[PDB]
Amino acid sequence: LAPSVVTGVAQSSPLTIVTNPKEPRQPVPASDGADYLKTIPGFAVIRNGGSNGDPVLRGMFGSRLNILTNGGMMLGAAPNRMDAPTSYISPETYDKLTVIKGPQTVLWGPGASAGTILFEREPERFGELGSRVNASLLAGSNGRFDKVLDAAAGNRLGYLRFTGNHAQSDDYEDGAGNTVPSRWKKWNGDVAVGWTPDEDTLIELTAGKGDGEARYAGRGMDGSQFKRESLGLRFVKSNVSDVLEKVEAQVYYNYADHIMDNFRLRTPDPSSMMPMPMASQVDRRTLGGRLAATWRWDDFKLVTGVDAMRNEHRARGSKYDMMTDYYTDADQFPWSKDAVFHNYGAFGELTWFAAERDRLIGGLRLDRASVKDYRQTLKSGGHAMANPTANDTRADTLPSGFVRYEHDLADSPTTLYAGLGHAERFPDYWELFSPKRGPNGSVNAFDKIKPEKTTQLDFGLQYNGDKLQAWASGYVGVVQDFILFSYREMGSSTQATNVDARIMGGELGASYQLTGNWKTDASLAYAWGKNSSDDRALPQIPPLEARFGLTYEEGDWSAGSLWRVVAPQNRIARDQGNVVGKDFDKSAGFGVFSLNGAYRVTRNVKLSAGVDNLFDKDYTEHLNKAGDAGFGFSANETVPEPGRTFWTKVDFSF
Ligand SMILES: [Ag+]
Ligand SMILES: [Ag+]
Ligand SMILES: [Ag+]
């Protein structure tokens with residue numbers, strides 16, 4: 001044993017990473033999904049404030065990542081993604097985090113060109129009647145405090161389960177001593193009812209609520225509300241037949257209700273295009289379901305099924321009378337619906353266990369996607385505009401698939417693997433509705449922006465020895481009709497556009513067990529992108545970074561140190577980027593050092609602590625948003641990362 005603090009997660013199967021998100025993590029995560037991804041090589045995060053980052057996998061942002069929770073899809077509503085999908089996930093309340101890199105699965109939905117991320121809670125198992133609880137408290141610099149509870153009781157026939165958290169922090173300071181407008185509050189509460197009549201059968205109803213707020217250094221407005229509401233139903237029957245091994249069915253309902261203003265966590269900037277109190281409410285309603293069957297016989301295992309998904313987006317805004325001074329809050333007006341999306345798909349995955357050391361896996365899916373523009377007018381400022389595609393529909397049929405070959409050697413515990421994958425993605429809400437202009441000669445983005453089609457070779461290896469566990473994965477790929485934002489400056493209007501891209505990169509890591517008490521590990525992540533249409537680099541691409549860890553674990557306690565070293569990024573595309581951010585300047589390299597320890601006091605209680613960024617280094621990341629002028633940020637000066645921070649955490653388990 002010996003407890004420890006997670007500083008990196010290795011890749012354990014080909015293309016696949018699996019971690020328990022309840023373990024303490026050494027750059028301490030701000031209780032959102034993006035922060036639990038940056039201990040996994042290949043992930044980078046766009047900082048908005050102190051929480052709610054936007055994840056970026058192998059340089060690929062946004063909906064190119066398929067982020068699921070218990071199989072279902074949570075989508076946000078902000079026109080510029082202040083509430084990215086991960087800003088509604090609290091990883092600590094889940095039991096398992098899985099990443100599958102590359103377009104190398106078809107089981108979990110459409111258009112996951114960059115990868116799939118699966119936060120899961122696993123069903124309770126009870127034999128005798130009994131109960132279990134595991135909780136945690138964290139406390140740290142800048143008023144950071146986190147409560148987490150996960151209790152359950154039941155017997156052989158069924159169970160009731162509860163998971164909650166509350167978490168907050170004030171503004172953090174950067175290395176220079178400057179207070180950064182960060183600071184955020186988040187709470188979640190979720191219940192699950194489970195019924196297990198016999199041991200083949202399981203039915204489970206889940207429901208949950210969550211809310212939060214966040215100040216955003218890198219935005220003209222702040223998130224004063226992040227309301228979530230969630231229901232799901234799941235059926236899993238095992239051993240139906242001699243070949244039929246599993247049948248799973250699930251329905252999910254996720255509702256997001258975001259508010260966005262410039263007066264509840266800030267005062268309106270008198271010197272900006274926005275001196276008046278302004279609020280804007282937006283919501284997102286996702287309904288979806290999946291039905292899959294797993295056949296198993298001889299040397300094969302086939303998984304077939306279908307899925308479907310609908311989601312709806314509405315908005316409404318406030319009003320300020322300048323003639324007098326009256327403010328009419330946004331909830332006094334009806335919701336204007338503006339978009340509805342539809343997807344249905346059928347998919348299958350075949351696996352061939354070609355004896356001992358040889359595995360071939362192939363999969364396919366066909367998707368019918370479609371969208372309707374419900375905007376009756378457009379916004380053009382307080383005065384409105386005709387929307388030329390009002391009530392227009394458009395649709396498409398998009399096939400996807402992959403083959404992958406896995407080979408074990410006889411000599412060493414080494415697996416090699418190589419895989420080819422193709423993935424087509426329908427444009428999402430932000431790609432179709434958020435740009436102010438479409439491609440050249442279009443009426444708007446909705447009318448013209450084409451799907452995105454990714455073809456990519458993935459390859460790598462695993463070495464799972466005794467003293468040394470190493471891994472590596474590379475990727476080479478082309479992207480046709482990459483959806484690309486370009487920015488002009490009155491001031492900041494975007495144009496969505498399709499271009500052709502080449503992409504390549506990879507991750508590699510190793511963790512060597514020096515003695516019984518000494519462990520070191522290392523990792524490296526590189527992404528690269530070219531815009532072939534305009535012959536230049538792709539924008540918003542994270543630079544090369546390495547992580548160096550060293551751990552001493554005696555008995556019952558451990559101490560760790562971690563170095564993070566990031567190269568500069570000189571490959572940039574000025575005024576290009578996505579719906580959230582844009583490149584402007586080349587970034588500086590930097591180094592950050594941190595310390596941690598853990599101590600198991602009993603089989604039920606364990607302690608851990610750390611200091612992040614010991615030397616109070618004043619630094620920023622290449623992908624961080626530009627800090628807002630109203631907070632005293634000069635042009636294109638991005639949001640600084642936090643300076644030295646201290647945290648301690650206690651973990652209960654009964
Ligand atoms: Ag916003
Ligand atoms: Ag206004
Ligand atoms: Ag505003």
# chains A, B, ... in the order shown; residues from 1 in each chain; ligands from 1
call {"tool": "residues_near_ligand", "arguments": {"ligand": "ligand 1", "cutoff": "10 Å", "atoms": "only C-alpha atoms and all ligand atoms", "output": "MDAnalysis selection string"}}
result
chainID A and resid 77:83 216 219:223 258:262 279:282
call {"tool": "write_last_selection", "arguments": {"atoms": "N, CA and C atoms", "output": "short mmCIF file (atom, residue, chain, number, x, y, z; two decimals), in the first residue's frame"}}
result
data_model
loop_
_atom_site.label_atom_id
_atom_site.label_comp_id
_atom_site.auth_asym_id
_atom_site.auth_seq_id
_atom_site.Cartn_x
_atom_site.Cartn_y
_atom_site.Cartn_z
N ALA A 77 -25.35 26.14 -22.30
CA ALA A 77 -26.16 27.05 -23.08
C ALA A 77 -25.52 28.39 -23.40
N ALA A 78 -24.35 28.70 -22.87
CA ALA A 78 -23.82 30.03 -23.12
C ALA A 78 -23.42 30.16 -24.59
N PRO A 79 -23.70 31.30 -25.23
CA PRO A 79 -23.32 31.47 -26.65
C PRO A 79 -21.84 31.40 -26.90
N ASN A 80 -21.01 31.50 -25.86
CA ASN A 80 -19.56 31.47 -26.01
C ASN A 80 -18.96 30.55 -24.95
N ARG A 81 -19.76 29.59 -24.52
CA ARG A 81 -19.33 28.47 -23.69
C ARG A 81 -18.82 28.86 -22.29
N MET A 82 -19.23 30.00 -21.67
CA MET A 82 -18.90 30.14 -20.24
C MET A 82 -19.27 28.90 -19.44
N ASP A 83 -20.35 28.22 -19.80
CA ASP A 83 -20.68 27.01 -19.06
C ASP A 83 -20.39 25.78 -19.89
N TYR A 216 -15.29 35.56 -13.81
CA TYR A 216 -14.46 35.25 -14.98
C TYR A 216 -13.54 36.41 -15.31
N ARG A 219 -13.54 37.52 -19.18
CA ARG A 219 -14.80 37.78 -19.88
C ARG A 219 -15.38 39.11 -19.43
N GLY A 220 -16.18 39.71 -20.31
CA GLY A 220 -16.95 40.88 -19.96
C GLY A 220 -18.13 40.61 -19.05
N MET A 221 -18.42 39.35 -18.76
CA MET A 221 -19.52 39.02 -17.88
C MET A 221 -19.17 37.80 -17.04
N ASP A 222 -20.02 37.52 -16.06
CA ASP A 222 -19.75 36.48 -15.08
C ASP A 222 -20.93 35.52 -15.04
N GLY A 223 -20.65 34.30 -14.60
CA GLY A 223 -21.67 33.30 -14.37
C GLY A 223 -22.26 33.43 -12.98
N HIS A 258 -28.41 28.76 -17.30
CA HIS A 258 -27.25 29.60 -17.03
C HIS A 258 -27.69 31.06 -17.02
N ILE A 259 -27.12 31.85 -16.10
CA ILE A 259 -27.31 33.30 -16.15
C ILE A 259 -25.95 34.00 -16.15
N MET A 260 -25.93 35.17 -16.77
CA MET A 260 -24.74 35.77 -17.33
C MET A 260 -24.96 37.26 -17.13
N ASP A 261 -24.15 37.91 -16.30
CA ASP A 261 -24.43 39.31 -16.09
C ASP A 261 -23.15 40.03 -15.73
N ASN A 262 -23.27 41.34 -15.59
CA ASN A 262 -22.14 42.20 -15.32
C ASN A 262 -22.37 43.07 -14.09
N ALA A 279 -28.18 41.51 -18.07
CA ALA A 279 -28.20 40.08 -17.80
C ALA A 279 -28.75 39.34 -19.01
N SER A 280 -28.35 38.08 -19.12
CA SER A 280 -28.78 37.26 -20.24
C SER A 280 -28.90 35.83 -19.74
N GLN A 281 -30.11 35.28 -19.80
CA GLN A 281 -30.37 33.92 -19.35
C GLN A 281 -30.48 33.01 -20.56
N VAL A 282 -29.94 31.80 -20.45
CA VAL A 282 -29.94 30.84 -21.54
C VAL A 282 -30.14 29.45 -20.95
#
call {"tool": "residues_near_ligand", "arguments": {"ligand": "ligand 2", "cutoff": "9 Å", "atoms": "only C-alpha atoms and all ligand atoms", "output": "ChimeraX atom specification"}}
result
/A:273-279,318-320,381-382
call {"tool": "write_last_selection", "arguments": {"atoms": "N, CA and C atoms", "output": "JSON list (two decimals), in the first residue's frame"}}
result
[["chain", "number", "residue", "atom", "x", "y", "z"],
["A", 273, "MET", "N", -18.10, 48.94, -24.09],
["A", 273, "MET", "CA", -19.34, 48.70, -24.81],
["A", 273, "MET", "C", -20.24, 47.80, -23.96],
["A", 274, "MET", "N", -20.79, 48.35, -22.84],
["A", 274, "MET", "CA", -21.56, 47.65, -21.81],
["A", 274, "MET", "C", -21.64, 48.38, -20.47],
["A", 275, "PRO", "N", -21.88, 49.70, -20.41],
["A", 275, "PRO", "CA", -21.77, 50.40, -19.12],
["A", 275, "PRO", "C", -22.97, 50.23, -18.20],
["A", 276, "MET", "N", -24.04, 49.77, -18.70],
["A", 276, "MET", "CA", -25.34, 49.55, -18.09],
["A", 276, "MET", "C", -25.45, 48.13, -17.55],
["A", 277, "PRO", "N", -26.25, 47.92, -16.50],
["A", 277, "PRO", "CA", -26.50, 46.56, -16.03],
["A", 277, "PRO", "C", -27.16, 45.73, -17.13],
["A", 278, "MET", "N", -26.61, 44.54, -17.36],
["A", 278, "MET", "CA", -27.08, 43.65, -18.41],
["A", 278, "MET", "C", -27.09, 42.24, -17.86],
["A", 279, "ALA", "N", -28.18, 41.51, -18.07],
["A", 279, "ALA", "CA", -28.20, 40.08, -17.80],
["A", 279, "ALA", "C", -28.75, 39.34, -19.01],
["A", 318, "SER", "N", -32.22, 41.00, -20.48],
["A", 318, "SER", "CA", -32.71, 42.10, -19.67],
["A", 318, "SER", "C", -32.90, 43.36, -20.52],
["A", 319, "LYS", "N", -33.40, 44.42, -19.89],
["A", 319, "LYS", "CA", -33.56, 45.70, -20.55],
["A", 319, "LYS", "C", -33.20, 46.82, -19.58],
["A", 320, "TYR", "N", -32.54, 47.85, -20.11],
["A", 320, "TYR", "CA", -32.16, 49.02, -19.34],
["A", 320, "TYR", "C", -32.68, 50.25, -20.06],
["A", 381, "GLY", "N", -26.54, 45.26, -32.03],
["A", 381, "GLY", "CA", -26.43, 46.50, -31.30],
["A", 381, "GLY", "C", -25.25, 47.37, -31.73],
["A", 382, "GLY", "N", -29.11, 46.99, -29.40],
["A", 382, "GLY", "CA", -30.48, 46.97, -28.93],
["A", 382, "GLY", "C", -31.52, 46.84, -30.04]]
call {"tool": "atom_distance", "arguments": {"atom1": "atom CA of residue A:285", "atom2": "atom CA of residue A:305"}}
result
23.9 Å
call {"tool": "residues_around", "arguments": {"residues": "residue A:150", "least_positions_apart": "4", "cutoff": "10 Å", "atoms": "only C-alpha atoms", "output": "PyMOL selection string"}}
result
chain A and resi 92-94+132-136+161-165+189-191+653
call {"tool": "write_last_selection", "arguments": {"atoms": "C-alpha atoms", "output": "mmCIF file, in the first residue's frame"}}
result
data_model
loop_
_atom_site.group_PDB
_atom_site.id
_atom_site.type_symbol
_atom_site.label_atom_id
_atom_site.label_comp_id
_atom_site.auth_asym_id
_atom_site.auth_seq_id
_atom_site.Cartn_x
_atom_site.Cartn_y
_atom_site.Cartn_z
ATOM 1 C CA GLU A 92 -15.316 13.786 -6.924
ATOM 2 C CA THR A 93 -18.926 12.510 -6.834
ATOM 3 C CA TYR A 94 -18.185 9.951 -9.586
ATOM 4 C CA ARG A 132 -21.469 2.527 3.280
ATOM 5 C CA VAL A 133 -20.340 6.147 3.354
ATOM 6 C CA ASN A 134 -17.207 7.858 2.122
ATOM 7 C CA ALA A 135 -16.635 11.573 2.475
ATOM 8 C CA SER A 136 -13.923 14.190 2.140
ATOM 9 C CA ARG A 161 -27.653 6.116 -2.857
ATOM 10 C CA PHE A 162 -26.841 9.762 -2.223
ATOM 11 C CA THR A 163 -23.916 11.884 -3.429
ATOM 12 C CA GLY A 164 -23.414 15.574 -2.728
ATOM 13 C CA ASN A 165 -20.810 18.264 -2.693
ATOM 14 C CA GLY A 189 -26.889 16.669 -4.877
ATOM 15 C CA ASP A 190 -27.801 13.402 -6.563
ATOM 16 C CA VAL A 191 -29.922 10.438 -5.557
ATOM 17 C CA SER A 653 -14.409 5.685 4.209
#
call {"tool": "atom_distance", "arguments": {"atom1": "atom CA of residue A:606", "atom2": "atom CA of residue A:651"}}
result
5.3 Å
call {"tool": "select_by_dssp", "arguments": {"residues": "stretch 219-440 of chain A", "states": "strand (DSSP E or B)", "output": "MDAnalysis selection string"}}
result
chainID A and resid 222:238 244:261 279:297 300:317 319:320 327:328 336:353 358:373 377:380 383:386 393:408 414:425 437
call {"tool": "residues_around", "arguments": {"residues": "residue A:211", "least_positions_apart": "6", "cutoff": "9 Å", "atoms": "only C-alpha atoms", "output": "tab-separated table (two decimals) with N, CA and C atoms, in the first residue's frame"}}
result
chain	number	residue	atom	x	y	z
A	88	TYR	N	-20.43	21.65	-15.34
A	88	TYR	CA	-21.50	21.05	-14.58
A	88	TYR	C	-21.09	19.72	-13.95
A	185	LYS	N	-18.45	29.16	-6.63
A	185	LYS	CA	-19.21	28.33	-5.71
A	185	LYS	C	-19.89	27.26	-6.54
A	186	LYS	N	-20.00	26.05	-6.01
A	186	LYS	CA	-20.58	24.94	-6.75
A	186	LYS	C	-21.21	24.01	-5.73
A	187	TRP	N	-22.43	23.56	-5.99
A	187	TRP	CA	-22.98	22.49	-5.18
A	187	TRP	C	-23.76	21.52	-6.07
A	188	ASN	N	-23.78	20.26	-5.63
A	188	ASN	CA	-24.48	19.20	-6.33
A	188	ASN	C	-25.11	18.27	-5.31
A	225	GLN	N	-25.27	32.13	-12.40
A	225	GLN	CA	-26.06	30.92	-12.18
A	225	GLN	C	-25.65	29.81	-13.13
A	226	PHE	N	-25.56	28.60	-12.59
A	226	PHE	CA	-25.28	27.39	-13.36
A	226	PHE	C	-26.24	26.28	-12.95
A	227	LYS	N	-27.53	26.47	-13.18
A	227	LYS	CA	-28.52	25.51	-12.73
A	227	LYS	C	-28.52	24.28	-13.61
A	228	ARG	N	-28.43	23.12	-12.99
A	228	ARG	CA	-28.53	21.84	-13.68
A	228	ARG	C	-29.66	21.01	-13.06
call {"tool": "residues_around", "arguments": {"residues": "residue A:288", "least_positions_apart": "5", "cutoff": "9 Å", "atoms": "only C-alpha atoms", "output": "NGL selection string"}}
result
:A and (72-73 or 250-254 or 307-311)
